[PDB]
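As the structure lists them, so they are numbered: ligands from 1, and atoms in each ligand from 1. Lettering of chains follows the sequences in order, A, B, ..., and the numbering in each one begins at 1. Hydrogens, waters and symmetry mates play no part in the numbers below; they use all other heavy atoms, side chains included.
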Amino acid sequence: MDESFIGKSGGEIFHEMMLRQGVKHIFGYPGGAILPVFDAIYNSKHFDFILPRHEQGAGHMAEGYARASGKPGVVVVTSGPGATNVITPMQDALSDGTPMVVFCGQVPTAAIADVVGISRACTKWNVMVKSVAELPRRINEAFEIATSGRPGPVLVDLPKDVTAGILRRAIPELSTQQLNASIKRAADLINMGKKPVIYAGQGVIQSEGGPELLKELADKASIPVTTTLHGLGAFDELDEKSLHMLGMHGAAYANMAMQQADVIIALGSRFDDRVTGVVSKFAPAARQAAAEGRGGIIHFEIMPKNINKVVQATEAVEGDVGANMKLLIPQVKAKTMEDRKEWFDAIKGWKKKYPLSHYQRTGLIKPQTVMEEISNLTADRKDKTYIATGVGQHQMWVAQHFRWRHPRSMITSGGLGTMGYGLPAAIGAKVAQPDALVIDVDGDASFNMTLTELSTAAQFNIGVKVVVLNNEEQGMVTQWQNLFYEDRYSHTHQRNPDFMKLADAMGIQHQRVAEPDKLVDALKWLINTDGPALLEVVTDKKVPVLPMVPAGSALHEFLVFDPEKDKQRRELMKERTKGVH
Amino acid sequence: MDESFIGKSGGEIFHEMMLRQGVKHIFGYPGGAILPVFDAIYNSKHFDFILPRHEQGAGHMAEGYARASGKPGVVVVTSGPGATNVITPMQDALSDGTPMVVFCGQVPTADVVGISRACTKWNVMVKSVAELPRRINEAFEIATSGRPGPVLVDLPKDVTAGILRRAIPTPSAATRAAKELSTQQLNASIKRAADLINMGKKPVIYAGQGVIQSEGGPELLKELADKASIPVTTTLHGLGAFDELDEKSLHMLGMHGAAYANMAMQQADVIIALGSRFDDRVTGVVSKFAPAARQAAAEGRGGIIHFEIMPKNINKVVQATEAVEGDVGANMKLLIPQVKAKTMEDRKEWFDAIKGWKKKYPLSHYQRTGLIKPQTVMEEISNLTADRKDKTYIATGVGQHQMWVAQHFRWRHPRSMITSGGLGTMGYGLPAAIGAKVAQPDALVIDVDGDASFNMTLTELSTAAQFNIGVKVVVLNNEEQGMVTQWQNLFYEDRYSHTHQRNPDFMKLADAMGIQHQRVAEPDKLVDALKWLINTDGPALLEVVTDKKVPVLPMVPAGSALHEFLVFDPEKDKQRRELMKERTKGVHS
Ligand SMILES: Cc1cc2nc3c(=O)[nH]c(=O)nc-3n(C[C@H](O)[C@H](O)[C@H](O)COP(=O)(O)OP(=O)(O)OC[C@H]3O[C@@H](n4cnc5c(N)ncnc54)[C@H](O)[C@@H]3O)c2cc1C
Ligand SMILES: Cc1cc2nc3c(=O)[nH]c(=O)nc-3n(C[C@H](O)[C@H](O)[C@H](O)COP(=O)(O)OP(=O)(O)OC[C@H]3O[C@@H](n4cnc5c(N)ncnc54)[C@H](O)[C@@H]3O)c2cc1C
Ligand SMILES: Cc1ncc(Cn2c(C)c(CCOP(=O)(O)OP(=O)(O)O)sc2=O)c(N)n1
Ligand SMILES: Cc1ncc(Cn2c(C)c(CCOP(=O)(O)OP(=O)(O)O)sc2=O)c(N)n1
Ligand SMILES: [Mg+2]
Ligand SMILES: [Mg+2]
């Protein structure tokens, strides 16, 4: 029975609970209904408060802070438009399993925007706090739900009269057996397999000790490892067993491995549609091996309702992937590269047949090169380097041509795919990792969505580095329009603002590079700059992201780059567009 | 039976439905789920398409288009984040009754219709190509009828990529008897309303956005007020429904309304509420609202007459002595012949009390040094547009500047006020102005914007530049969230928690965006800068550096009754600034 809250207001109690929860940073924006909380946190020493230009920036900043730190991002906003503005961040956090706690002012309880109802389908949980006494309880509930199981966003409603009111009174197995049985069935299934593969996702990064255990099992039994977009960095991409990223824009060899493997080991990962291609043509070899009782698909998942949602698991290992790997690594029998000479020989053949470094290459900077060079210039510091991206081609290229070695280095919007996520998430990651190098690799359209937040980085002296790729197009959509609609480019081009005058207007140091010789010096300038800075890279237009497995394709039915296709495509487009492209 | 669509994709059907609906402009942003619609409208000649920087911008531009033109704003976005980014404009449109049809791409059959159910007037997911024309027509009909509002239409990719291969489809006595009976009830309630007015000795008209949204509404309002010599006050959204230069104008009422409007409302024996919903920021403390009118109802000599199109909305906030259901313009046509004419001389007592209040509490009485006063910016914009009020549209952000333009611009033209009132979304003004300018290409459209409001959506300046949409922007630069610092002064003893921001350089920003620009800080140069802005061609921005910590007055604070307002007092203002300077140790003067 607690009594250290009598005589304090709900805002003052809320201030105490942030301390008890270890909240060191809060992102938010005031308004009428949330004003009692802003009075309580006035000139606080418990945490730093970041005031953005827009609540959507507050929301994405909290996401990047969580992605970089594994701590929950915390947001405080007012009722009405304050809350509706954080819906895209919340839905985004929900889609990508990012822990977030969002507090909203509400009108007084007596007087009934339906913030709670509007947000049911876009949060992991939400609650309206109906009395000042409930306040420590709900706040604790909210923080644990947001971080338990699959982490997610939680919305807490703060009625003004609750936060302004004053507290007067004092306020308050045999499944394990079947788990071990499932672990044993999986080890048998791994050992039995001759063509195994690890398919690792963000669940590994979000489990304590996860990447290390990933390394162990993959080393001991010499199993090749591929990851999703969110799994990037859960395994050293320089390791010889690395297959890199699979899926819609994965490496053609990672796609080959998955399509021909007979034992697939799914760690984290929810088998998203941008990973599997058409699901009835996905993992044929592992599916036959399931039917021939000689292999299949193993799926380590912490959420019961996520299992067999998309693909049927041969054996399902329910619970924390890190803990369950500690009971599976024993029961797996070691192997060597020599053991799987035949398997790795096909893998290594695929790597030479389809290298990620085989893309058209002078005069106009190539966007893949920018990612190669950012990778090169930071190779000596990848344990202290974080990348935030927008959404589009640039997002895929940096997945492809950047070598991920550090877990949580990839800060990107995957499930929802929110353009504009990049810059705010970078700002939040750099608040989380002040002594790290945080780069926002951004396409100009994604960047045009939220570029008002440069002012947040200037006002607070947050040293993010921004690379804007300037191709004057919605690149990902032009690709699709070239592919499926014969170069009819419908509303996919924008006039950019002068990014150099813009960075100047915002109080951000800046340079612009357009000549491929000077590209590396420019990038070197950006990294070694002190305080926030922006580099504008003028790139080539109409550059496809390959490999791509398009809509309706199996996963092995990917397209890849051939210089005769690239010559032919651009000249068909030059004629269709009548010289404009 | 309609065969014209055989062989058409869902996208091409959509394209044709826009033509049949007479849509002339669409605001949107492509994505994967919606690509078949974009392929079908590629280089269309039937409407202009505005690509914004952010889908929130597309929505607010559609709002401003609708607000300036009375036509629905049409939005087209993709699934997931394309759809969640328009939730703020949709909730905004719902709260303010703005007709809007939002088309969202959807993956083949975010939870767009789940997350948007509570923030739309109606939503529908089209399930097959065959039903697309029927649903399109349903959406426009719902969006524009009754109280207008936003309607969300989910468009699954299989519906818009799919092909239609087949044709599709295009009064009793009991009904007739019931029809006559309901007409007689309406006519009865109109007579009673008329009788109530005729016995009133201190009548007042309380006019809202419903009058602007009704065909003939402002004309009929003027005829009524003229014939019976009734003074007219309006809400924030009703500004421009009545000529504020007429001797019968009480200007805006409510939390920041003219003191003479709030007095008149509190003394009136008959209140004629026309197309208004008695919002809490209008009535003050409801139980203390309109005491004179409530007493006159008790004694059978007056009360509150409410003209309202949504029958359900009557008696939800204030008890009506006489309700008149339906479209306020149609019912005023029937009301006016039954109201007996009165001269201003017949109402000498009433207008003399009002002239008293107007003399005692003039809106022009505010602190008037070397820093530009924000109130004075508004008065000068009103003076400088004296000859073109019929072609001038004002969009605003949310905050003090929004109250000041409501108070000191003299409103004369229906739909000239374009502002977010119900939800109160900061960032509305600039996109809404762009939308209004698209709707009225030959009108003067001005975005009067606070700096924090402007900072939310300033990226949309690139939209005005790319499409050469000549909006005029006035940014009031006080470096504060002025409305919140007024609340923090009032209730939290000058504890200014997180309500100050460093702006960007607005001249460098405007230049970066390709917008001609100017900055003004000296009171002697304000008029010429405003003259410069108003006479430019193409988009233009004027930054006005203003005084700080200026309270909006008059003010009915929370928990006070409508007649319990605070007014400007030069000595109280001096004490306030003195105490603020002490507590902030000279930081805020
Ligand atoms: C334009 C675009 C292109 C894309 N291209 C690709 C592509 O080519 N390839 C690709 O892979 N992705 C791609 N993505 C991203 C893709 O859509 C998904 O967001 C992503 O693949 C899913 O990542 P994940 O399954 O690893 O992690 P999540 O989606 O976060 O799910 C991880 C799973 O692990 C579980 N989990 C979490 N914590 C634990 C724990 N401690 N123990 C056990 N389980 C746990 C969760 O419940 C969840 O089911 C693209 C996105 C966009 C917008
Ligand atoms: C900080 C702030 C301060 C504010 N201060 C004030 C203030 O001092 N004073 C003020 O007035 N507002 C103020 N507002 C705005 C206020 O919150 C409301 O948005 C506004 O008062 C509502 O105006 P309305 O009733 O005219 O319009 P609406 O909210 O649109 O209501 C119109 C009503 O008319 C009905 N209607 C529509 N069409 C018709 C028709 N054809 N026939 C009949 N009925 C119809 C609708 O159903 C509805 O009931 C403020 C807002 C903010 C954010
Ligand atoms: C908020 C929002 N709106 C629309 C989309 C649809 N969309 C769009 C318009 C893409 C093109 C991104 O353009 P960019 O300039 O940011 O990057 P690239 O040129 O590298 O593709 S990618 C994509 O998914 C989206 N993901 N998010
Ligand atoms: C999107 C959003 N966030 C927060 C608020 C809360 N709020 C805030 C923060 C106001 C201050 C706006 O400051 P401004 O610079 O735009 O204008 P003034 O300085 O003239 O008040 S007014 C108001 O209602 C809001 N209405 N909308
Ligand atoms: Mg681009
Ligand atoms: Mg301001």
Chemist: Can you list the ligand 3 atoms lying under 4.0 Å from a non-hydrogen atom of A:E473?
Modeler: 15 (O), 19 (O)

Chemist: Of all the N, O or S atoms in B:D451, which one sits nearest to the Mg ion (ligand 6)?
Modeler: OD1

Chemist: Do the side-chain N and O atoms of B:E480 and B:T485 include a donor-acceptor pair separated by under 3.5 angstrom?
Modeler: yes

Chemist: What atoms in ligand 3 come closer than 4.0 Å to a heavy atom of A:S446?
Modeler: 14 (P), 16 (O)

Chemist: Non-hydrogen atoms of B:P30 versus ligand 3: any pair closer than 4.0 Å?
Modeler: yes

Chemist: Measure the distance from atom 21 (O) of ligand 1 to every protein heavy atom, then report the residue, atom name and distance (to 0.1 Å) of the closest one.
Modeler: A:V275 CG2, 3.4 Å

Chemist: Looking at A:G319, which atoms of ligand 1 are within less than 4.0 Å of one of its heavy atoms?
Modeler: 42 (N), 43 (C)

Chemist: Using modelled atom types only, decide if a donor and an acceptor are shared between the side chain of A:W404 and the backbone of A:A399 within a distance under 3.5 Å.
Modeler: yes

Chemist: Ring-plane angle category for A:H491 and B:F49, please: parallel below 30°, perpendicular beyond 60°, tilted otherwise.
Modeler: parallel

Chemist: side-chain contact (heavy atoms from CB on, under 4.5 Å) for A:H249 and A:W397? Distances and angles first, verdict last.
Modeler: CA-CA 9 Å; A:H249 285 113; A:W397 285 324; over 6 Å; no

Chemist: Rounded to the nearest 0.5 Å, how far does CG of A:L246 lie from CZ of A:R274?
Modeler: 13.5 Å

Chemist: Of the protein's non-hydrogen atoms, which lies at the shortest distance from atom 9 (N) of ligand 1, and what is that distance?
Modeler: A:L246 O, 2.9 Å

Chemist: Check ligand 3 against A:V477 and write out every atom of the ligand that is under 4.0 Å from a heavy-atom position of the residue.
Modeler: 8 (C), 9 (C), 10 (C), 11 (C)

Chemist: For ligand 3, which atoms, with element, lie under 4.0 Å from some heavy atom of A:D444?
Modeler: 15 (O)

Chemist: Considering non-hydrogen atoms of the protein only, which is the closest contact for atom 16 (C) of ligand 1, and what is the distance?
Modeler: A:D272 OD2, 3.5 Å

Chemist: My understanding is that we take every heavy atom of each candidate and find the minimum distance to atom 3 (C) of ligand 1. Doing that for A:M548, A:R274, A:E318, A:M476, which one comes out nearest?
Modeler: A:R274

Chemist: Is it the case that the side chain of A:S490 and the backbone of B:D39 share a donor-acceptor pair, with hydrogens and angles ignored and the cut-off at 3.5 Å?
Modeler: no

Chemist: Of the choices A:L229, A:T412, A:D273, A:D320, which has the non-hydrogen atom that lies closest to atom 10 (C) of ligand 1?
Modeler: A:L229

Chemist: Can you sort out which atoms of ligand 1 are near A:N306, meaning under 4.0 Å from one of its heavy atoms?
Modeler: 49 (O)

Chemist: I want to check something: taking the side chain as every heavy atom from C-beta on, are A:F271 and A:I297 in contact at a cut-off of under 4.5 Å?
Modeler: yes

Chemist: Applying a 4.0 Å heavy-atom criterion (strictly less than), which segment of A:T492 is in contact with ligand 3: side chain, backbone, both, or neither?
Modeler: neither

Chemist: Does an N or O from A:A445, backbone or side chain, lie closer than 3.5 Å to an N or O of ligand 3?
Modeler: yes

Chemist: For A:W397, is at least one N or O under 3.5 Å away from an N or O on ligand 3?
Modeler: no

Chemist: Will you find, in the side chains of B:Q56 and B:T457, an N or O donor that is under 3.5 Å from an N or O acceptor?
Modeler: no

Chemist: Just to verify, which of B:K548, B:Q501, B:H500 counts as forming a side-chain hydrogen bond (donor to acceptor under 3.5 Å, both in side chains) with B:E479?
Modeler: B:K548

Chemist: Scan side-chain atoms only and decide if A:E453 and A:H60 contain a donor-acceptor pair under the 3.5 Å cut-off.
Modeler: no

Chemist: Ignoring hydrogens, what is the shortest heavy-atom contact between A:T412 and A:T389? Give both atom names and the distance.
Modeler: OG1-OG1, 2.7 Å

Chemist: Examine B:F38 together with A:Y485 and report whether their ring centres are nearer than 6.0 Å.
Modeler: no

Chemist: Using a 4.0 Å cutoff against the non-hydrogen atoms of A:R150, which atoms of ligand 1 qualify?
Modeler: 28 (P), 29 (O), 30 (O), 31 (O), 46 (C), 47 (O), 48 (C)

Chemist: How close does the nearest protein non-hydrogen atom get to atom 42 (N) of ligand 1, and which residue and atom is it?
Modeler: A:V321 N, 3.0 Å

Chemist: For ligand 1, which atoms, with element, lie under 4.0 Å from some heavy atom of A:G415?
Modeler: 19 (O)

Chemist: N/O to N/O below 3.5 Å, does that happen between A:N471 and ligand 3?
Modeler: yes

Chemist: Is any side-chain heavy atom of A:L328 less than 4.5 Å from a side-chain heavy atom of A:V317?
Modeler: no

Chemist: For A:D320 and A:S207, does a side-chain donor sit closer than 3.5 Å to a side-chain acceptor?
Modeler: yes

Chemist: Closer than 4.0 Å to some heavy atom of B:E55 - which atoms of ligand 3 meet that?
Modeler: 1 (C), 2 (C), 3 (N), 4 (C)

Chemist: Give a yes or no answer on whether the side chain of A:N85 reaches the backbone of B:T88 with a donor-acceptor pair at less than 3.5 Å.
Modeler: no

Chemist: Check ligand 1 against A:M248 and write out every atom of the ligand that is under 4.0 Å from a heavy-atom position of the residue.
Modeler: 3 (C), 7 (C), 8 (O)

Chemist: Work out whether the distance between some heavy atom of A:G322 and some atom of ligand 1 is less than 4.0 Å.
Modeler: no

Chemist: Between A:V278 and A:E557, is any pair of side-chain heavy atoms under 4.5 Å apart?
Modeler: no

Chemist: Relative to atom 46 (C) of ligand 1, which among A:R270, A:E208, A:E301 owns the nearest non-hydrogen atom?
Modeler: A:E301

Chemist: Can you sort out which atoms of ligand 3 are near B:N85, meaning under 4.0 Å from one of its heavy atoms?
Modeler: 1 (C)

Chemist: Quick check on contacts: which atoms of ligand 1 are under 4.0 angstrom from a heavy atom of A:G201?
Modeler: 26 (O)

Chemist: With a 4.5 Å heavy-atom cut-off, do B:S462 and A:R495 have their side chains touching?
Modeler: no

Chemist: Considering only the protein, which heavy-atom contact is closest to atom 22 (C) of ligand 1, and what is its distance?
Modeler: A:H230 CD2, 4.1 Å

Chemist: Pairing donors with acceptors under 3.5 angstrom, does anything connect the side chains of A:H230 and A:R67?
Modeler: yes

Chemist: Which atoms of ligand 1 are found less than 4.0 Å from any heavy atom of A:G250?
Modeler: 8 (O)

Chemist: Within the 4.0 Å heavy-atom shell around A:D96, which atoms of ligand 1 are there?
Modeler: 30 (O)

Chemist: Can A:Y421 and A:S446 be counted as having a side-chain donor-acceptor contact under 3.5 angstrom?
Modeler: no

Chemist: With respect to atom 33 (C) of ligand 1, which of A:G149, A:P304, A:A200, A:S269 exhibits the smallest heavy-atom separation?
Modeler: A:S269

Chemist: I need the atoms of ligand 3 closer than 4.0 Å to a non-hydrogen atom of B:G31, numbered in the order shown.
Modeler: 6 (C)

Chemist: Considering distance alone, does some N or O of A:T418 sit under 3.5 Å from an N or O of ligand 3?
Modeler: no

Chemist: What protein heavy atom sits nearest atom 19 (O) of ligand 1, and how far off is it?
Modeler: A:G414 C, 3.0 Å

Chemist: With a 4.0 Å heavy-atom cut-off (strictly under), which part of A:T228 contacts ligand 1: side chain, backbone, both or neither?
Modeler: both

Chemist: Based purely on interatomic distance, does B:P81 place a nitrogen or oxygen under 3.5 Å from a nitrogen or oxygen of ligand 3?
Modeler: no

Chemist: Compare A:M396, A:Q393, A:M419, A:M476 and give the one whose heavy atom is closest to atom 8 (C) of ligand 3.
Modeler: A:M419

Chemist: Would you kindly specify which portion of A:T88 sits under 4.0 Å from ligand 3, judged on non-hydrogen atoms: side chain, backbone, both or neither?
Modeler: neither

Chemist: Quick one: CG on A:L267 to CD on A:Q202, what's the gap to the nearest 0.5 Å?
Modeler: 14.0 Å

Chemist: Could you check atom 27 (O) of ligand 1 against the protein and tell me its nearest heavy-atom contact, residue, atom and distance included?
Modeler: A:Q202 CB, 3.6 Å

Chemist: Quick one: are B:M456 and B:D449 in side-chain contact, heavy atoms under 4.5 Å?
Modeler: no

Chemist: Just jot down the ligand 3 atoms closer than 4.0 angstrom to any heavy atom of B:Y29, in number order.
Modeler: 9 (C)

